[PDB]
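Listed next as structure tokens is one chain, alone, in the form deposited without the DNA.
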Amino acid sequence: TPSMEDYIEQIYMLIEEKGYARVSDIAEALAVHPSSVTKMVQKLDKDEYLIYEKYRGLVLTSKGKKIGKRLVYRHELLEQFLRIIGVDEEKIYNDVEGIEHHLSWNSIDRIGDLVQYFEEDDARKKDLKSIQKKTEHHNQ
């Protein structure tokens, strides 16, 4: 599920940055109703991605951690990608949040190589940028 991936990716980030995370952290983070969060967490608990105890709070199972880290890698690769090709900083999160779920892993890998391509030599970055310049010259 697409919103599943959002939850897993989000819970992953919440645990990582806060250590302790709850249903409230997810709600706030996703701007969703906590009751809806609970229902989701329960399905996730059922599919054995996580564990939601008292003193424990949310804890990702070994399986949740592999997937979660994969989703986090994917999300950040997409941001870097869009940033690299010149998308306006303000547009990135939104676009990345939508497409991340409709890209195959085979594509995610090709996007990875593509980022490497530009990352290993600025000459390439300047040639790409110069295309954007001429493309938008009628507005400068």
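For every residue, the number given is its place in the sequence shown, counted from 1.
From this point on, the text means the form deposited with the DNA bound, which you will not see here.
With the DNA omitted here, the record of contacts in the entry with it bound names 52-60 of 80-88, 52-60, 94-102, 108-116, defined by a heavy atom within 4.5 Å.
Taking the partner from the other structure, the DNA in the entry with it bound has a heavy atom within 4.5 Å of a heavy atom of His33. Under a 4.5 angstroms non-hydrogen atom cutoff, the DNA in the entry with it bound has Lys39 among its neighbouring residues. At a distance threshold of 4.5 angstroms between non-hydrogen atoms, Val23 is in contact with the DNA in the entry with it bound.
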